[PDB]
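Starting off, we have a lone chain in the form deposited in one PDB entry, written out as structure tokens.
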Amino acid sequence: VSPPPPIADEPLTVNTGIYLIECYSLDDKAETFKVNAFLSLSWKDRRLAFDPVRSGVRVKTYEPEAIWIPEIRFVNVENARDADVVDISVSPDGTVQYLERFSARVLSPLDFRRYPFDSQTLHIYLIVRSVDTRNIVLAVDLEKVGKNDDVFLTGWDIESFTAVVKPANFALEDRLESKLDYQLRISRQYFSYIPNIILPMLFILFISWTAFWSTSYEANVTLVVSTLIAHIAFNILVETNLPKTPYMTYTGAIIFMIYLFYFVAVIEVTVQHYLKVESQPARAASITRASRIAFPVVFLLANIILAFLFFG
């Protein structure tokens, strides 16, 4: 069929709305995430009678091949959405109700700085196709936009899901300048990360730090170097549960600082043994007593400085 003819020079406003259901498969290396959700639309279609009569006040059912369906394309999807219509219901005289379920691989930026304690925003951009009838503009209705409060997004909690009309700036053609933006606010749950990552590494570092209460060079060497090996193994373990991020990160800075501390500890042990052999035991004892207090305080101050630098 064909879209309705113009009635009174009033543009055909399409009241769009996304009813999110599922979010999963957040592949971070390619920065893609699949979405399973509904899509509700309503375009006022007066002057095209669809059984308007009091005796026929019943709700009429229409199929996909019954009325003109506006064509809306997602901008940032790898392929066209695989959409199946759930139902189409039209009032005897008034608007039209539409609902369909689709799946699509969406591409949105995913910042990973301050990774354990970060928030993310997901964007879906919508555009409409103008046809032989009057010009079509896009508007959002707040009655249909929302979730079912049973979203199966694990590891994150949804804070808001809103929309706003924004201009479209890409290959402008005096048209198609009424794109839509949908923002999904999510926040990572950071509780399990503490016992899973942070505490064991601190335990390993504190085990390495016990060499300042000993004077046995072999024992100190074994302690520090085997603790470094254990740290490398734990870094291998951690690296798996984390996407490949070719940029600086809070966790990477912490790891680098840990490596630096290991190097400084090795230097201190070597200096102490060298002085003891060269027969300056008072100087060696002074150095080790100073180190016992110096190391944790410097570690804590560096942690505070780095946290302030990264988290405003």
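Rigid core (definition): largest C-alpha set, two forms, superposition within 1.5 Å. Note that residue numbering begins at 1 and tracks the sequence as displayed.
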query: Entries skipping residue 55: at least a third of other ones; finding: yes
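Although it is not shown, the form deposited in another entry is what the next lines describe.
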query: Out of 185, 81, 134, 188, the residue that alone shifts its CA by 2 Å or more between the shown form and the other one when the rigid core is the reference; finding: 134
query: Per-residue C-alpha change between the shown form and the other one, residue 276, threshold 2 Å, rigid core fit; finding: no
query: Rigid core superposition, residue 302 Cα moves 2 angstroms or more between the shown form and the other one; finding: no
query: Yes/no, residue 253 Cα shift of 2 Å or more between the shown form and the other one with rigid core fixed; finding: no
query: Cα distance between residue 167 and residue 120, which in the other form differs by 3 Å or more from this form, closer or farther; finding: closer
